[PDB]
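Notes follow the structure.
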Amino acid sequence: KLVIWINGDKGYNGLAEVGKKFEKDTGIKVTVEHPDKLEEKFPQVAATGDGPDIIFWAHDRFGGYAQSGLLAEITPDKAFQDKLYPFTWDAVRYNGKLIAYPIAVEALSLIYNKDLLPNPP
Amino acid sequence: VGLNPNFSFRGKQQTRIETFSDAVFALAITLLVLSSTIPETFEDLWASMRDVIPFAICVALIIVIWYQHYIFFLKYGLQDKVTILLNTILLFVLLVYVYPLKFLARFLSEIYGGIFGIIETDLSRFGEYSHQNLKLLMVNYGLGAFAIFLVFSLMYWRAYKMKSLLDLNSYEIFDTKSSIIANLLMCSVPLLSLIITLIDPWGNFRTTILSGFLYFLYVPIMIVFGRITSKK
Amino acid sequence: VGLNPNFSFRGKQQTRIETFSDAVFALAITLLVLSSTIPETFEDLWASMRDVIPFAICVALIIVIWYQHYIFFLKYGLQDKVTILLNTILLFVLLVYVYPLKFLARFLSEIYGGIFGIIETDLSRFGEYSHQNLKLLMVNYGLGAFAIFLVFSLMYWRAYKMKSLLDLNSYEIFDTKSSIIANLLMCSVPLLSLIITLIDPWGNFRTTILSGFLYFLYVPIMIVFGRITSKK
Amino acid sequence: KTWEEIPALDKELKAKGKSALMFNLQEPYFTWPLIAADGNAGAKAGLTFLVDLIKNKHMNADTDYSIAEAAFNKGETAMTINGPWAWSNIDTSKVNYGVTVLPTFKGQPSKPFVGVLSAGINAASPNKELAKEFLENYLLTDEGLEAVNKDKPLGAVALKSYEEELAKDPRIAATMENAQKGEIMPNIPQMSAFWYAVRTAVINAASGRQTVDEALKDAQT
Ligand SMILES: OC[C@H]1O[C@H](O[C@H]2[C@H](O)[C@@H](O)[C@@H](O)O[C@@H]2CO)[C@H](O)[C@@H](O)[C@@H]1O
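Protein chains in written order, with the authors' numbering: chain A, 123 to 243; chain B, 9 to 240; chain B', 9 to 240; chain A', 244 to 282, 302 to 483. A prime marks a further copy of an entry chain.
Structure below.
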């Protein structure tokens with residue numbers, strides 16, 4: 123069983139639709155879980171118990187997992203490596219070892235209601 | 009782009025009344041400038057450039073009317089006989105006051121030019137600055153300003169009278185009612201100068217000073233009339 | 009029809025600001041030609057046909073402004089107070105420079121007529137070609153050109169300030185930023201003649217030669233200002 | 244805008260095979276606004311006008327809720343007098359309708375009686391606490407009143423949270439306009455005997471049995 127841990131504010135249903143195409147082409151089950159406090163439940167469960175196979179979180183929490191020895195070193199071939207922006211790979215690097223796969227750059231913005239506020243602060 | 013977020017703009021499509029109206033506003037500001045003579049020599053060219061301050065004041069004044077027109081037809085999308093009639097009265101007043109404004113703007117630009125000390129050219133070109141002529145100056149331009157705001161009040165009242173046909177909601181009814189009050193309050197200041205000038209209490213220039221001084225106290229005097237109706 | 013394939017044209021629907029603006033541009037080019045006197049005799053008819061070269065230069069100049077206006081309102085579909093204000097300032101500058109352009113175009117057509125050897129008619133009709141008058145010629149038309157491009161920069165900056173309200177994508181943000189730079193770079197050449205003429209380093213015609221010579225080096229001097237900002 | 248210009252409009256419309264105004268004359272709640280427009303002298307004026315409409319064959323003698331509603335929805339009458347609840351049936355029909363201020367009579371406005379739709383619990387019920395739960399947590403809620411309102415409109419709901427949606431509706435504006443020109447009914451026990459006295463008075467004067475002066479005499483007793 124392939125088990126993925128990703129936060130509940132992300133697109134786990136869409137991630138499951140990718141997991142459903144994977145089972146069609148291989149035969150492996152892809153369940154997607156979203157537990158509360160997974161950023162601080164993963165290093166406790168994954169150290170002792172089994173936990174997930176793959177963990178999804180912003181790159182900032184991964185250095186602590188890498189130092190503790192809770193993450194496998196990523197070894198992607200040049201052709202896969204070349205598909206992503208070289209600056210994104212730098213964010214997922216700890217002591218000259220790739221510790222994760224970069225997915226997307228996130229930054230907070232000001233979301234505003236144009237009807238209640240056309241020219242916001 | 010819009011004034012109110014609660015208003016549903018019925019006049020987003022351009023109509024003949026608005027197209028005709030845009031032609032008239034464009035023509036008014038265009039002919040105000042291009043009614044001047046073509047410079048034939050360097051001397052005429054420098055003379056013609058002294059006219060830009062008077063024209064800037066006239067143009068600023070006309071687009072402010074054009075803006076109010078744009079907002080009214082945007083809000084209600086009206087196109088009936090009475091709206092056409094009131095709209096024609098408006099454009100008619102505008103048109104008859106285009107060249108008189110060119111005159112007033114040139115006259116006041118010389119008077120304010122003398123004050124600040126930029127120029128020192130004669131005002132004898134304008135004719136005789138007598139009490140009767142300076143009183144008729146207030147009464148004329150005062151009657152012009154009063155009529156424009158009076159017509160905008162009548163136009164908003166016509167939309168208020170058709171509130172149900174236009175399917176106006178509680179917010180839109182309130183806006184329309186507020187727009188009538190705004191235009192009557194705007195029409196009240198030139199009406200008060202005009203009346204003071206026509207009675208002429210002092211029988212001398214003092215009358216014209218007071219009549220002219222009500223426009224400098226536009227904002228405060230508008231607040232007094234607005235405060236009197238709210239206090240009761 | 010469109011400039012950029014990545015731009016989503018918000019102003020495909022015609023609005024009142026654009027309709028009003030078209031009236032003013034049509035009136036400017038129309039009255040430039042039709043402000044002339046009606047020929048009453050064969051002699052007037054031949055005189056009036058000498059005016060087509062000056063008019064072609066004026067008309068070419070005005071549609072180039074009209075085109076930039078068409079592209080701006082096509083790109084953003086703007087209709088707010090500040091866009092109306094900047095749009096009025098633009099049309100105002102256009103209007104005050106219509107008859108002065110008719111003058112400059114006739115004057116330069118005689119000067120270039122004398123050079124090539126097509127005609128040999130007098131320039132004494134224009135008044136006195138003195139240093140002060142030839143300096144005011146640069147300062148006047150230089151101030152006109154600077155203002156038009158300055159206003160186009162302010163208009164694009166107003167759209168840049170409303171990028172989120174207009175839902176501008178990365179390509180459209182880039183275009184808008186590039187359009188501001190283009191118009192400021194265009195406004196920089198008349199600003200540099202105007203300043204050189206107003207200081208008047210030589211105290212003689214040499215000043216006017218240099219000021220006039222910056223327009224012949226428009227493209228190269230625009231590239232120097234563009235290269236200075238990219239080199240840092 | 245005035246009641247007194249309806250006879251002229253009706254003459255104009257009857258030529259084109261249409262009525263001007265059809266509304267429920269049987270129930271006094273619909274005729275009361277005209278009766279109470281001026282006021302007594304006001305009730306005598308208002309009712310005599312209503313009697314003259316039936317006497318001039320502008321309105322039918324036994325005009326009830328159903329034939330008035332049906333006639334307006336069919337497109338036979340140009341006007342009708344009704345409440346919020348009636349709008350949904352007009353929307354169902356293909357009639358571009360408007361809701362507006364009631365016509366004025368003798369210059370002054372027609373004062374309709376304002377009702378507050380209210381839910382009461384029967385004193386002889388064992389489910390008093392179950393009904394309180396239904397009324398509070400399920401009906402008197404943004405979601406509960408929306409369900410009732412999309413069936414047949416409630417009018418100006420008592421729920422504070424509905425203020426903005428009510429204010430966005432033009433028909434509610436016209437309803438509130440008439441409600442301000444009218445007055446809320448007292449809840450008093452004598453309202454039943456009062457309504458019956460007005461129901462008979464209006465029917466007798468409409469059919470042609472008792473005079474307008476004799477109708478207010480029997481109703482004041
Ligand atoms: O007709 C007199 C009758 O009028 C009122 O009843 C209204 C009711 O309030 C409305 O909701 C609507 O449905 O119509 C009724 C009249 O048809 C009074 O509330 C009632 O006491 C009185 O009998």
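The beta carbon of each residue, even a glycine, is placed where N, CA and C say it ideally should be.
Under a three-way DSSP split, which group does residue i fall into?
i	result
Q452 (chain A')	coil
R471 (chain A')	coil
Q140 (chain B')	helix
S43 (chain B)	coil
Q442 (chain A')	helix
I177 (chain A)	strand
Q269 (chain A')	coil
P365 (chain A')	coil
Grab the span of the beta strand (DSSP E) containing residue i for me, first residue to last.
i	result
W127 (chain A)	124-127
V357 (chain A')	Premise fails: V357 (chain A') is in no beta strand (DSSP E) and is neither H nor E.
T339 (chain A')	339-341
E155 (chain A)	152-155
Would the beta-carbon of residue i be found less than 8 Å away from any heavy atom of ligand 1?
i	result
residue 294 (chain A')	In the model shown, chain A' runs from 282 to 302 with nothing in between, leaving residue 294 (chain A') without coordinates.
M447 (chain A')	yes
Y327 (chain A')	yes
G345 (chain A')	yes
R433 (chain A')	no
residue 7 (chain B)	Absent from the model: residue 7 (chain B). The displayed extent of chain B is 9 to 240, so no value can be given.
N267 (chain A')	yes
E331 (chain A')	no
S350 (chain A')	no
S454 (chain A')	yes
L309 (chain A')	no
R235 (chain B)	no
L277 (chain A')	no
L364 (chain A')	no
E248 (chain A')	no
How far does the alpha helix (DSSP H) with residue i in it extend, from its first residue to its last?
i	result
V67 (chain B')	60-84
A263 (chain A')	Here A263 (chain A') belongs to no alpha helix (DSSP H); instead the beta strand (DSSP E) covers 262-264.
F144 (chain A)	134-147
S238 (chain B)	226-239
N191 (chain B')	178-207
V106 (chain B)	106-124
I383 (chain A')	Where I383 (chain A') is concerned, there is no enclosing alpha helix (DSSP H), given that its DSSP letter is neither H nor E.
For residue i, return the contacting residues in chain B, with the cut-off set at a CB-CB distance below 8 Å.
i	result
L206 (chain A)	In chain order: nothing, as chain B lies at least about 42 Å away.
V32 (chain B')	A34, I37, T38
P108 (chain B')	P47, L53, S56, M57
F134 (chain B')	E48, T49, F50
Return yes when the C-beta of residue i is under 8 Å from any heavy atom of ligand 3, and no when it is not.
i	result
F375 (chain A')	As far as ligands go, the structure on display features ligand 1 and does not contain ligand 3.
Hey, out of the options, whose CA is closest to residue i's CA?
i	options	result
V67 (chain B)	B:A113, B:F28, B:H77, B:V101	B:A113
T38 (chain B')	B':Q22, B':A64, B':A55, B':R18	B':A64
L151 (chain B)	B:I231, B:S219, B:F17, B:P62	B:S219
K132 (chain A)	A:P198, A:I225, A:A188	A:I225
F456 (chain A')	A':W275, A':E391, A':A429, A':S423	A':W275
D88 (chain B)	B:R166, B:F17, B:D30	B:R166
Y226 (chain B)	B:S138, B:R235, B:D208, B:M194	B:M194
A323 (chain A')	A':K479, A':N466, A':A481	A':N466
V32 (chain B)	B:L11, B:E180, B:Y105	B:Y105
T27 (chain B')	B':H139, B':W74, B':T184	B':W74
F160 (chain B')	B':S178, B':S138, B':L94, B':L199	B':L94
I176 (chain A)	A:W127, A:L230, A:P243	A:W127
At 9 Å on the CB atoms, spell out the chain B contacts of residue i, in chain order.
i	result
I92 (chain B')	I71, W74, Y75, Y78
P432 (chain A')	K171, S172, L174, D175, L176, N177, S178, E180, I181
Which residues in chain A' sit within 9 Å of residue i, going by Cβ to Cβ distance?
i	result
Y137 (chain B)	Going along chain A', no residue has its Cβ under 9 Å from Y137 (chain B), so there is no contact; the nearest lies around 52 Å.
Whose Cβ in chain A lies nearer than 8 Å to the Cβ of residue i?
i	result
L86 (chain B')	Result: empty, since nearest Cβ-Cβ is about 13 Å, beyond 8 Å.
So residue i contacts chain B'; which residues on that side make the cut at Cβ distance below 8 Å?
i	result
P243 (chain A)	Residues of chain B' passing the Cβ test: none, with the nearest at roughly 12 Å.
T27 (chain B)	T27
Quick one: which chain B residues come within Cβ less than 7 Å of residue i?
i	result
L144 (chain B')	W54
What does residue i reach in chain B' if we use C-beta pairs closer than 9 Å?
i	result
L42 (chain B)	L35, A36, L39, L40, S43, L103, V106, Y107
Listing by chain order, which chain B' residues have their CB less than 7 Å from the CB of residue i?
i	result
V60 (chain B)	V104
Along chain A, in chain order, which residues have C-beta atoms closer than 9 Å to that of residue i?
i	result
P228 (chain B)	Under the 9 Å cutoff, chain A gives no residues; its nearest Cβ is about 29 Å from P228 (chain B).
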